Structure formats: C-alpha cells, structure tokens
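What follows is a short report on a single structure.
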Amino acid sequence: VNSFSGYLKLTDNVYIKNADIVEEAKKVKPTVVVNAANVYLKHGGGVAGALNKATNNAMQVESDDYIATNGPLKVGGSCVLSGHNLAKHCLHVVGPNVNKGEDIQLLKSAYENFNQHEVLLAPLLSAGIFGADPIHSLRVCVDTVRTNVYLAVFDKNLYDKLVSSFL
Ligand SMILES: O=C(CSc1nnn[nH]1)c1c[nH]c2ncc(Br)cc12
C-alpha cells in the first residue's frame, strides 16, 4: 500500500489520473518522479520547466553540473538526480522529440528506464510538446513498463480521451 490517491487502474501495474505532475509530486513526495527531459537537461518548458520552476531552479543547477561532468544523455536514455522538494529522486528520461525528427521507436527504450524503479510518478513520454501521439505513448508504456507507474495527465480533455480509447 502506497500513498497515491484517485488513480484509475488500467492494468496490473499502470495507473492514471487527471493531474498536474508538479501538484501531484508536492502532495505525494514519491520516491521517484520522472522528468520529460531532453539530452541537454535544459528544463525550459512542459514537465521539465514546471518541475524545474517548482524547485526554484535547483533542478537546473544540478543538471548543468551533471552535463558539465558527463556530457549529454542519449535519446532513449536517463539519469537519476535529486528530486529536490518534489521527490526523493528525479529520473530524467529522454523520449524522442518528434518535432526534432527523432525515431519514435526510441520511445520503448525510453520507457524501459522505468523498469529500474519499483514505483514511479510519471508523465506520458514524447507527448505534449515532444510531438508524438499520447494514445501511442500510453500503449508503449503499458506494453513496456513492468514496475508500478502512476501516470499524471495534465490535460483533462486528453485524460478522458486516453481512458475512453484504452484497449
Ligand atoms: O506538458 C506536459 C506533458 S504532455 C500532457 N500530459 N497530460 N496532458 N498533456 C505536462 C504533463 N504534466 C504536466 N504538469 C504540469 C505542466 Br505546467 C505540464 C505538464
């Protein structure tokens, strides 16, 4: 028994709720929150900017030190950094950005990173401003992640579409 509340159960291990990921993290303080990162860990917009803003830019400061030491992530890759005031840890995961021409087949590789963590609060990867179809991202999530994932979908209209079209 964990502390996530109000989620709709999609499968054995995948749950979904119409929620702002920042407001969710602040309320639950999960072990792992997933960031929709880019390879440079430049948190300007979407999940990344909202989480980063909620950390008063501490996420960006930590991220810039990480990149200066390690160089960029791979598309499909991840790193574990601090969760600051939002979570114990933040798993920064790079899904492909369709709006930049990256291979959508890398979305499965991106979701595989979730399997290294027993429980995660996470957004749908590669959707929103990354330009891929959210219905597809949810399907890949369900078909790839085996650990317990709590998906926060910001847009109420999209949430209803995702639930109603879920197979
Ligand atoms: O932008 C995205 C990804 S795309 C999407 N996911 N659900 N609807 N659209 C966000 C996901 N969670 C968020 N929380 C706060 C803010 Br600000 C933005 C998002």
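Please note that chains go A, B, ... in the order of the structure tokens, that every chain numbers its residues from 1, and that ligands are numbered from 1 in the order shown.
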Would you mind listing, for every residue of chain A within 6 Å of ligand 1, the two atoms forming the shortest contact and the distance between them in Å to one decimal, using only C-alpha atoms and all ligand atoms, sorted by chain and ascending residue number, as CSV?
```
residue,atom,partner,partner_atom_place_in_ligand_line,distance
A:20,CA,ligand 1,14 (N),4.0
A:21,CA,ligand 1,14 (N),4.2
A:22,CA,ligand 1,14 (N),5.7
A:46,CA,ligand 1,1 (O),4.1
A:47,CA,ligand 1,19 (C),4.5
A:50,CA,ligand 1,17 (Br),5.0
A:123,CA,ligand 1,11 (C),5.4
A:127,CA,ligand 1,4 (S),5.0
A:128,CA,ligand 1,4 (S),3.4
A:153,CA,ligand 1,7 (N),3.4
A:154,CA,ligand 1,7 (N),3.7
A:155,CA,ligand 1,8 (N),3.9
A:158,CA,ligand 1,8 (N),5.9
```
Would you save the residues of that selection, restricted to C-alpha atoms, as an mmCIF file, in the first residue's frame?
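Below you can see out.cif, which holds the result:
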```
data_model
loop_
_atom_site.group_PDB
_atom_site.id
_atom_site.type_symbol
_atom_site.label_atom_id
_atom_site.label_comp_id
_atom_site.auth_asym_id
_atom_site.auth_seq_id
_atom_site.Cartn_x
_atom_site.Cartn_y
_atom_site.Cartn_z
ATOM 1 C CA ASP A 20 -0.709 18.385 -12.713
ATOM 2 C CA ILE A 21 2.550 16.442 -12.207
ATOM 3 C CA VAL A 22 4.036 19.266 -10.055
ATOM 4 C CA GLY A 46 6.435 21.362 -20.230
ATOM 5 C CA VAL A 47 7.076 18.881 -17.415
ATOM 6 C CA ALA A 50 7.279 23.107 -14.465
ATOM 7 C CA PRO A 123 4.020 11.763 -17.331
ATOM 8 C CA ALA A 127 3.669 13.573 -25.975
ATOM 9 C CA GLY A 128 2.591 17.184 -25.447
ATOM 10 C CA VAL A 153 -2.064 13.587 -17.368
ATOM 11 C CA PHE A 154 -2.347 17.404 -17.104
ATOM 12 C CA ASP A 155 -4.981 17.974 -19.805
ATOM 13 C CA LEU A 158 -6.700 14.304 -23.152
#
```
Test item: residues at most 9 Å from range 61-67 of chain A, only C-alpha atoms, excluding those fewer than 3 positions along its chain, as a list in words: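 Here the answer would be residues 40, 41, 42, 43, 57, 58, 70, 71, 72, 73, 81 and 82 of chain A.
If you measure from each of A:68, A:142, A:32, A:14 to residue 89 in chain A using only C-alpha atoms, the closest one turns out to be A:32.
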Write out as a PyMOL selection string the set of residues from range 33-160 of chain A that DSSP, computed on the backbone, places in alpha helix (DSSP H). chain A and resi 46-54+58-70+106-112+134-144+156-160
Tell me, as a VMD selection string, which residues lie within 7 Å of residue 80 in chain A, counting only C-alpha atoms; anything in the same chain fewer than 4 positions away does not count. chain A and resid 89 to 92
Figure out the distance between CA of residue 93 in chain A and CA of residue 79 in chain A, please, to one decimal in Å.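 So the two atoms, CA of residue 79 in chain A and CA of residue 93 in chain A, lie 6.9 Å apart.
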Please identify all polymer residues within 12 Å of range 24-31 of chain A, counting only C-alpha atoms, omitting same-chain residues fewer than 6 positions from it, and present them as a ChimeraX atom specification. /A:2-7,16-18,47,50-51,54-55,80-91,117-123,148-154
Tell me, as a PyMOL selection string, which residues lie within 12 Å of residue 135 in chain A, counting only C-alpha atoms; anything in the same chain fewer than 5 positions away does not count. chain A and resi 124-128+140-142+153+158-167
Suppose we keep C-alpha atoms; can you now write the selection as a tab-separated table (two decimals), in the first residue's frame?
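Result file is out-v6.tsv:
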```
chain	number	residue	atom	x	y	z
A	124	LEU	CA	3.39	10.17	-20.71
A	125	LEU	CA	6.70	10.33	-22.62
A	126	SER	CA	7.18	12.02	-26.03
A	127	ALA	CA	3.67	13.57	-25.98
A	128	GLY	CA	2.59	17.18	-25.45
A	140	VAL	CA	4.00	1.71	-25.31
A	141	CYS	CA	4.02	2.45	-21.58
A	142	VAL	CA	1.58	-0.38	-20.83
A	153	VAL	CA	-2.06	13.59	-17.37
A	158	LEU	CA	-6.70	14.30	-23.15
A	159	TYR	CA	-7.17	12.24	-19.98
A	160	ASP	CA	-10.77	11.47	-20.93
A	161	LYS	CA	-9.70	10.54	-24.45
A	162	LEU	CA	-6.92	8.28	-23.14
A	163	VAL	CA	-9.26	6.41	-20.79
A	164	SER	CA	-12.12	6.10	-23.28
A	165	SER	CA	-9.87	4.78	-26.07
A	166	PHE	CA	-7.76	2.45	-23.89
A	167	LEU	CA	-7.70	-1.18	-25.03
```
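If you look at CA of residue 110 in chain A and CA of residue 8 in chain A, they are 23.3 Å away from each other.
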Quick one: DSSP strand (DSSP E or B) residues in range 26-145 of chain A, as a PyMOL selection string? chain A and resi 32-36+78-82+89-93+119-122
